[PDB]
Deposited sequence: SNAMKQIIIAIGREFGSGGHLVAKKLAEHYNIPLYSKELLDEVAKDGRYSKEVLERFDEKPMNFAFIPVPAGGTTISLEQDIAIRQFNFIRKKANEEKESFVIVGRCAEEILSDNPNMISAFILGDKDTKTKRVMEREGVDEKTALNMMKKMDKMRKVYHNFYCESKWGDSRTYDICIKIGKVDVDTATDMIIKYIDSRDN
């Protein structure tokens, strides 16, 4: 019924958006952590993809999923929408210092390493490019605006289909 695939730059507030959306529609939030557990029955990746596909296509469940190539995997399911959440450098830096209790220099390095890792993971499995507007239905930069605004824009999008 509603599947929301969330991509995000590290420290942009993408998890907070994902969660707020899941609370709004009262549906589950799936992540890497959950899928890691729930698929011990690159090999890992096939199991996770096939799981997201079960839930989407056959079980017809509603959920939010962060990452996991979900927008590529769920690509012909007419009930899923995707969004990529980004942020201002300074907004992200503060979010990552706070969450991880680290200094500025290290925050910035974590951001760069994590965004490289996401990009690599996504672009290996998908033909589309991580972070490019064509890969998603909506992209929102959090900075000029706050997480709640991003979340509401996404619900508007979804509620108006």
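Colleague: What ranges of the deposited sequence are left out of this structure?
Modeller: Seq positions lacking coordinates: 1-5, 47-79, 200-201.
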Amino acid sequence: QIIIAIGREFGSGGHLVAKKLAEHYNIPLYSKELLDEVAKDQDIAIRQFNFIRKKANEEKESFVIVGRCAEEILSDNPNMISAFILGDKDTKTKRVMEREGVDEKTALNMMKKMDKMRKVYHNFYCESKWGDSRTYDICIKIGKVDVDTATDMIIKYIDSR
From here on, numbers count along this sequence of modelled residues.
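Colleague: What stretch has the higher average Cα B-factor here, 59-67 or 31-39?
Modeller: Taking the mean B-factor of the alpha carbons in each, 31-39 is higher.
Colleague: Please place residue 158 in the lowest, middle or highest third of its chain by C-alpha B factor as given in the entry.
Modeller: Middle third, going by the recorded CA B-factors of the chain.
Colleague: Split the chain's modelled residues into thirds by Cα B-factor; is residue 79 in the lowest, middle or highest one?
Modeller: According to the entry, residue 79 has a C-alpha B-factor in the chain's middle third.
Colleague: Splitting the chain's C-alpha B-factors into thirds, which one does residue 24 fall into?
Modeller: According to the entry, residue 24 has a C-alpha B-factor in the chain's middle third.
Colleague: Rank-wise, by C-alpha B-factor, drop residue 109 into the lowest, middle or highest third of its chain.
Modeller: CA B-factor rank for residue 109: highest third.
Colleague: Going by what the PDB entry lists, where does residue 150 fall on CA B-factor within its chain: lowest, middle or highest third?
Modeller: For residue 150, whose C-alpha B-factor we compare with every modelled residue in the chain, the answer is the middle third.
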